[PDB]
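Source file: entry_37.pdb (PDB, N, CA and C atoms)
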ATOM      1  N   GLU A   1      -5.034-171.567  -9.273
ATOM      2  CA  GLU A   1      -6.429-171.210  -9.114
ATOM      3  C   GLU A   1      -6.830-171.318  -7.649
ATOM      4  N   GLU A   2      -6.825-170.173  -6.981
ATOM      5  CA  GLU A   2      -7.186-170.127  -5.574
ATOM      6  C   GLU A   2      -8.520-169.399  -5.392
ATOM      7  N   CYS A   3      -9.446-169.697  -6.290
ATOM      8  CA  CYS A   3     -10.761-169.081  -6.240
ATOM      9  C   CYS A   3     -11.434-169.493  -4.929
ATOM     10  N   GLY A   4     -12.742-169.285  -4.882
ATOM     11  CA  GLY A   4     -13.514-169.628  -3.699
ATOM     12  C   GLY A   4     -14.374-170.868  -3.945
ATOM     13  N   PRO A   5     -15.288-171.136  -2.974
ATOM     14  CA  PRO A   5     -16.173-172.284  -3.075
ATOM     15  C   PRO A   5     -17.283-172.031  -4.099
ATOM     16  N   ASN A   6     -17.417-172.970  -5.022
ATOM     17  CA  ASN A   6     -18.431-172.862  -6.058
ATOM     18  C   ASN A   6     -17.901-171.984  -7.193
ATOM     19  N   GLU A   7     -16.660-171.549  -7.033
ATOM     20  CA  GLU A   7     -16.028-170.706  -8.035
ATOM     21  C   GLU A   7     -15.046-171.524  -8.873
ATOM     22  N   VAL A   8     -14.784-171.026 -10.073
ATOM     23  CA  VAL A   8     -13.868-171.698 -10.979
ATOM     24  C   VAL A   8     -13.061-170.651 -11.751
ATOM     25  N   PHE A   9     -11.846-171.037 -12.114
ATOM     26  CA  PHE A   9     -10.968-170.145 -12.853
ATOM     27  C   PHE A   9     -10.934-170.517 -14.337
ATOM     28  N   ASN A  10     -11.186-169.517 -15.170
ATOM     29  CA  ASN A  10     -11.186-169.725 -16.608
ATOM     30  C   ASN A  10     -10.287-168.681 -17.270
ATOM     31  N   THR A  11      -9.449-169.159 -18.179
ATOM     32  CA  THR A  11      -8.534-168.281 -18.889
ATOM     33  C   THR A  11      -9.237-167.633 -20.085
ATOM     34  N   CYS A  12     -10.527-167.912 -20.194
ATOM     35  CA  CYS A  12     -11.321-167.365 -21.283
ATOM     36  C   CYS A  12     -12.799-167.581 -20.954
ATOM     37  N   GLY A  13     -13.317-166.704 -20.105
ATOM     38  CA  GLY A  13     -14.711-166.787 -19.701
ATOM     39  C   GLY A  13     -15.440-165.472 -19.979
ATOM     40  N   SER A  14     -16.763-165.556 -19.990
ATOM     41  CA  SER A  14     -17.586-164.386 -20.243
ATOM     42  C   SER A  14     -17.082-163.203 -19.413
ATOM     43  N   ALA A  15     -16.461-162.259 -20.104
ATOM     44  CA  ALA A  15     -15.930-161.077 -19.445
ATOM     45  C   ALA A  15     -17.070-160.328 -18.754
ATOM     46  N   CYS A  16     -18.232-160.367 -19.389
ATOM     47  CA  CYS A  16     -19.404-159.698 -18.847
ATOM     48  C   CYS A  16     -20.344-160.763 -18.277
ATOM     49  N   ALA A  17     -19.741-161.826 -17.765
ATOM     50  CA  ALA A  17     -20.508-162.916 -17.188
ATOM     51  C   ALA A  17     -21.654-162.341 -16.352
ATOM     52  N   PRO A  18     -22.668-163.210 -16.091
ATOM     53  CA  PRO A  18     -23.820-162.801 -15.309
ATOM     54  C   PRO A  18     -23.469-162.710 -13.822
ATOM     55  N   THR A  19     -24.329-162.020 -13.085
ATOM     56  CA  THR A  19     -24.122-161.849 -11.658
ATOM     57  C   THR A  19     -25.464-161.702 -10.939
ATOM     58  N   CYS A  20     -25.382-161.336  -9.667
ATOM     59  CA  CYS A  20     -26.577-161.157  -8.860
ATOM     60  C   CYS A  20     -27.345-159.951  -9.403
ATOM     61  N   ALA A  21     -26.618-159.093 -10.104
ATOM     62  CA  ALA A  21     -27.217-157.901 -10.679
ATOM     63  C   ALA A  21     -27.785-158.235 -12.059
ATOM     64  N   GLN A  22     -26.931-158.818 -12.890
ATOM     65  CA  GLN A  22     -27.334-159.192 -14.236
ATOM     66  C   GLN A  22     -27.324-160.714 -14.388
ATOM     67  N   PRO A  23     -28.529-161.319 -14.201
ATOM     68  CA  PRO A  23     -28.666-162.760 -14.315
ATOM     69  C   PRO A  23     -28.633-163.200 -15.781
ATOM     70  N   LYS A  24     -28.465-162.220 -16.656
ATOM     71  CA  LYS A  24     -28.415-162.490 -18.083
ATOM     72  C   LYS A  24     -27.150-161.861 -18.672
ATOM     73  N   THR A  25     -26.257-162.725 -19.129
ATOM     74  CA  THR A  25     -25.008-162.271 -19.718
ATOM     75  C   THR A  25     -25.112-162.250 -21.244
ATOM     76  N   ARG A  26     -24.063-161.738 -21.870
ATOM     77  CA  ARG A  26     -24.024-161.655 -23.319
ATOM     78  C   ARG A  26     -22.665-161.132 -23.787
ATOM     79  N   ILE A  27     -21.617-161.696 -23.202
ATOM     80  CA  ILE A  27     -20.263-161.297 -23.546
ATOM     81  C   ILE A  27     -20.097-159.797 -23.290
ATOM     82  N   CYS A  28     -18.844-159.385 -23.167
ATOM     83  CA  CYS A  28     -18.536-157.987 -22.923
ATOM     84  C   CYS A  28     -17.889-157.410 -24.183
ATOM     85  N   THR A  29     -17.140-158.261 -24.869
ATOM     86  CA  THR A  29     -16.464-157.851 -26.088
ATOM     87  C   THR A  29     -15.684-159.023 -26.686
ATOM     88  N   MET A  30     -15.129-158.783 -27.865
ATOM     89  CA  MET A  30     -14.358-159.806 -28.551
ATOM     90  C   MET A  30     -13.053-160.099 -27.809
ATOM     91  N   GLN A  31     -13.195-160.746 -26.660
ATOM     92  CA  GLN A  31     -12.041-161.092 -25.847
ATOM     93  C   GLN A  31     -12.491-161.710 -24.523
ATOM     94  N   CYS A  32     -12.199-162.994 -24.377
ATOM     95  CA  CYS A  32     -12.566-163.713 -23.169
ATOM     96  C   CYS A  32     -11.997-162.955 -21.967
ATOM     97  N   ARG A  33     -12.274-163.487 -20.787
ATOM     98  CA  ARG A  33     -11.799-162.872 -19.559
ATOM     99  C   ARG A  33     -11.088-163.910 -18.688
ATOM    100  N   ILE A  34      -9.868-163.569 -18.295
ATOM    101  CA  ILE A  34      -9.075-164.458 -17.462
ATOM    102  C   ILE A  34      -9.287-164.096 -15.991
ATOM    103  N   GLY A  35      -9.820-165.055 -15.250
ATOM    104  CA  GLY A  35     -10.078-164.852 -13.835
ATOM    105  C   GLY A  35     -11.075-165.883 -13.305
ATOM    106  N   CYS A  36     -11.366-165.772 -12.017
ATOM    107  CA  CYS A  36     -12.299-166.685 -11.379
ATOM    108  C   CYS A  36     -13.720-166.195 -11.663
ATOM    109  N   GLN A  37     -14.640-167.148 -11.722
ATOM    110  CA  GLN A  37     -16.032-166.829 -11.984
ATOM    111  C   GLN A  37     -16.948-167.710 -11.132
ATOM    112  N   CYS A  38     -18.243-167.462 -11.264
ATOM    113  CA  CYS A  38     -19.230-168.222 -10.515
ATOM    114  C   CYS A  38     -19.641-169.434 -11.355
ATOM    115  N   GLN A  39     -19.614-170.594 -10.715
ATOM    116  CA  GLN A  39     -19.979-171.828 -11.389
ATOM    117  C   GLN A  39     -21.471-171.826 -11.729
ATOM    118  N   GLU A  40     -21.865-172.803 -12.533
ATOM    119  CA  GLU A  40     -23.255-172.925 -12.939
ATOM    120  C   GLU A  40     -24.141-173.198 -11.723
ATOM    121  N   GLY A  41     -24.843-172.159 -11.296
ATOM    122  CA  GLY A  41     -25.728-172.273 -10.149
ATOM    123  C   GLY A  41     -25.380-171.235  -9.082
ATOM    124  N   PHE A  42     -24.409-170.396  -9.411
ATOM    125  CA  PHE A  42     -23.973-169.356  -8.494
ATOM    126  C   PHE A  42     -23.861-168.007  -9.207
ATOM    127  N   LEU A  43     -24.056-166.948  -8.436
ATOM    128  CA  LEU A  43     -23.980-165.603  -8.979
ATOM    129  C   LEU A  43     -23.028-164.764  -8.124
ATOM    130  N   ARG A  44     -22.240-163.943  -8.805
ATOM    131  CA  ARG A  44     -21.284-163.087  -8.124
ATOM    132  C   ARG A  44     -21.984-161.843  -7.572
ATOM    133  N   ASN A  45     -21.725-161.572  -6.302
ATOM    134  CA  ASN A  45     -22.322-160.421  -5.645
ATOM    135  C   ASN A  45     -21.303-159.279  -5.602
ATOM    136  N   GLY A  46     -21.824-158.062  -5.631
ATOM    137  CA  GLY A  46     -20.976-156.883  -5.595
ATOM    138  C   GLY A  46     -19.733-157.128  -4.737
ATOM    139  N   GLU A  47     -19.912-157.955  -3.716
ATOM    140  CA  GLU A  47     -18.818-158.278  -2.816
ATOM    141  C   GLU A  47     -17.960-159.401  -3.404
ATOM    142  N   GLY A  48     -17.821-159.366  -4.722
ATOM    143  CA  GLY A  48     -17.033-160.370  -5.417
ATOM    144  C   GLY A  48     -17.200-161.745  -4.767
ATOM    145  N   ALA A  49     -18.418-162.008  -4.319
ATOM    146  CA  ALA A  49     -18.722-163.277  -3.678
ATOM    147  C   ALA A  49     -19.712-164.056  -4.545
ATOM    148  N   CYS A  50     -19.310-165.267  -4.903
ATOM    149  CA  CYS A  50     -20.148-166.121  -5.727
ATOM    150  C   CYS A  50     -21.186-166.789  -4.826
ATOM    151  N   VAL A  51     -22.358-166.172  -4.766
ATOM    152  CA  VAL A  51     -23.439-166.694  -3.949
ATOM    153  C   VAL A  51     -24.583-167.153  -4.855
ATOM    154  N   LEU A  52     -25.229-168.232  -4.438
ATOM    155  CA  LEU A  52     -26.339-168.781  -5.201
ATOM    156  C   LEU A  52     -27.315-167.657  -5.551
ATOM    157  N   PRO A  53     -28.101-167.896  -6.636
ATOM    158  CA  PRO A  53     -29.076-166.915  -7.083
ATOM    159  C   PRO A  53     -30.296-166.896  -6.162
ATOM    160  N   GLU A  54     -30.582-168.054  -5.586
ATOM    161  CA  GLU A  54     -31.715-168.183  -4.685
ATOM    162  C   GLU A  54     -31.390-167.549  -3.330
ATOM    163  N   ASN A  55     -30.140-167.134  -3.192
ATOM    164  CA  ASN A  55     -29.689-166.511  -1.957
ATOM    165  C   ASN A  55     -29.402-165.031  -2.213
ATOM    166  N   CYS A  56     -29.618-164.588  -3.454
ATOM    167  CA  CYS A  56     -29.389-163.207  -3.827
ATOM    168  C   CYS A  56     -30.164-162.291  -2.891
TER     169      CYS A  56
END

Can you give me the file's structure in the form of structure tokens?
Amino acid sequence: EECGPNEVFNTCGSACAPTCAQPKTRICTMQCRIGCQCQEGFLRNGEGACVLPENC
């Protein structure tokens, strides 16, 4: 797991996790998502950068 700061790697995380665009998630489908994500308090920016929501 060589994610970034404030980021975490999950072998089963919200595939349609929330982001700077969609602060409201709701799963993408019947299948978790393996990869790095934004920790609780951070949002992923189009630039695949997990930046705080207050910094959006």

- Apply the PyMOL selection byres (((chain A and resi 46-53 and name CA) around 12) and name CA) to the structure shown and report the selected residues as a count of residues only. 28

- [ ] Evaluate the PyMOL selection byres ((chain A and resi 12) around 5) here and jot the selected residues down as a list in words.
- [x] residues 10, 11, 13, 14, 32, 33 and 34 of chain A

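Of note, atom N of residue 2 of chain A and atom CA of residue 30 of chain A are spaced 25.1 Å apart.
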
Legend entry - Within 6.5 Å of residue 16 of chain A using only N, CA and C atoms, minus same-chain residues under 3 positions, as a VMD selection string: chain A and resid 13 25 to 29

| Residues of chain A in strand (DSSP E) according to DSSP, as an MDAnalysis selection string? | chainID A and resid 7:13 33:38 43:45 49:51

Those residues with N, CA and C atoms, as a PDB file, in the frame of the given file please?
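For reference, again33.pdb as written:
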ATOM      1  N   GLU A   7     -16.660-171.549  -7.033  1.00  0.00           N
ATOM      2  CA  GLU A   7     -16.028-170.706  -8.035  1.00  0.00           C
ATOM      3  C   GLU A   7     -15.046-171.524  -8.873  1.00  0.00           C
ATOM      4  N   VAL A   8     -14.784-171.026 -10.073  1.00  0.00           N
ATOM      5  CA  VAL A   8     -13.868-171.698 -10.979  1.00  0.00           C
ATOM      6  C   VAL A   8     -13.061-170.651 -11.751  1.00  0.00           C
ATOM      7  N   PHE A   9     -11.846-171.037 -12.114  1.00  0.00           N
ATOM      8  CA  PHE A   9     -10.968-170.145 -12.853  1.00  0.00           C
ATOM      9  C   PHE A   9     -10.934-170.517 -14.337  1.00  0.00           C
ATOM     10  N   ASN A  10     -11.186-169.517 -15.170  1.00  0.00           N
ATOM     11  CA  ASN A  10     -11.186-169.725 -16.608  1.00  0.00           C
ATOM     12  C   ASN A  10     -10.287-168.681 -17.270  1.00  0.00           C
ATOM     13  N   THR A  11      -9.449-169.159 -18.179  1.00  0.00           N
ATOM     14  CA  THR A  11      -8.534-168.281 -18.889  1.00  0.00           C
ATOM     15  C   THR A  11      -9.237-167.633 -20.085  1.00  0.00           C
ATOM     16  N   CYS A  12     -10.527-167.912 -20.194  1.00  0.00           N
ATOM     17  CA  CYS A  12     -11.321-167.365 -21.283  1.00  0.00           C
ATOM     18  C   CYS A  12     -12.799-167.581 -20.954  1.00  0.00           C
ATOM     19  N   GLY A  13     -13.317-166.704 -20.105  1.00  0.00           N
ATOM     20  CA  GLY A  13     -14.711-166.787 -19.701  1.00  0.00           C
ATOM     21  C   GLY A  13     -15.440-165.472 -19.979  1.00  0.00           C
ATOM     22  N   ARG A  33     -12.274-163.487 -20.787  1.00  0.00           N
ATOM     23  CA  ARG A  33     -11.799-162.872 -19.559  1.00  0.00           C
ATOM     24  C   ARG A  33     -11.088-163.910 -18.688  1.00  0.00           C
ATOM     25  N   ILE A  34      -9.868-163.569 -18.295  1.00  0.00           N
ATOM     26  CA  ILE A  34      -9.075-164.458 -17.462  1.00  0.00           C
ATOM     27  C   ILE A  34      -9.287-164.096 -15.991  1.00  0.00           C
ATOM     28  N   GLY A  35      -9.820-165.055 -15.250  1.00  0.00           N
ATOM     29  CA  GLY A  35     -10.078-164.852 -13.835  1.00  0.00           C
ATOM     30  C   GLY A  35     -11.075-165.883 -13.305  1.00  0.00           C
ATOM     31  N   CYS A  36     -11.366-165.772 -12.017  1.00  0.00           N
ATOM     32  CA  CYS A  36     -12.299-166.685 -11.379  1.00  0.00           C
ATOM     33  C   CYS A  36     -13.720-166.195 -11.663  1.00  0.00           C
ATOM     34  N   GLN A  37     -14.640-167.148 -11.722  1.00  0.00           N
ATOM     35  CA  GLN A  37     -16.032-166.829 -11.984  1.00  0.00           C
ATOM     36  C   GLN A  37     -16.948-167.710 -11.132  1.00  0.00           C
ATOM     37  N   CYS A  38     -18.243-167.462 -11.264  1.00  0.00           N
ATOM     38  CA  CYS A  38     -19.230-168.222 -10.515  1.00  0.00           C
ATOM     39  C   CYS A  38     -19.641-169.434 -11.355  1.00  0.00           C
ATOM     40  N   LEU A  43     -24.056-166.948  -8.436  1.00  0.00           N
ATOM     41  CA  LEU A  43     -23.980-165.603  -8.979  1.00  0.00           C
ATOM     42  C   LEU A  43     -23.028-164.764  -8.124  1.00  0.00           C
ATOM     43  N   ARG A  44     -22.240-163.943  -8.805  1.00  0.00           N
ATOM     44  CA  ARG A  44     -21.284-163.087  -8.124  1.00  0.00           C
ATOM     45  C   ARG A  44     -21.984-161.843  -7.572  1.00  0.00           C
ATOM     46  N   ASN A  45     -21.725-161.572  -6.302  1.00  0.00           N
ATOM     47  CA  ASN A  45     -22.322-160.421  -5.645  1.00  0.00           C
ATOM     48  C   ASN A  45     -21.303-159.279  -5.602  1.00  0.00           C
ATOM     49  N   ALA A  49     -18.418-162.008  -4.319  1.00  0.00           N
ATOM     50  CA  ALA A  49     -18.722-163.277  -3.678  1.00  0.00           C
ATOM     51  C   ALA A  49     -19.712-164.056  -4.545  1.00  0.00           C
ATOM     52  N   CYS A  50     -19.310-165.267  -4.903  1.00  0.00           N
ATOM     53  CA  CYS A  50     -20.148-166.121  -5.727  1.00  0.00           C
ATOM     54  C   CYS A  50     -21.186-166.789  -4.826  1.00  0.00           C
ATOM     55  N   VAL A  51     -22.358-166.172  -4.766  1.00  0.00           N
ATOM     56  CA  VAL A  51     -23.439-166.694  -3.949  1.00  0.00           C
ATOM     57  C   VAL A  51     -24.583-167.153  -4.855  1.00  0.00           C
TER      58      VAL A  51
END
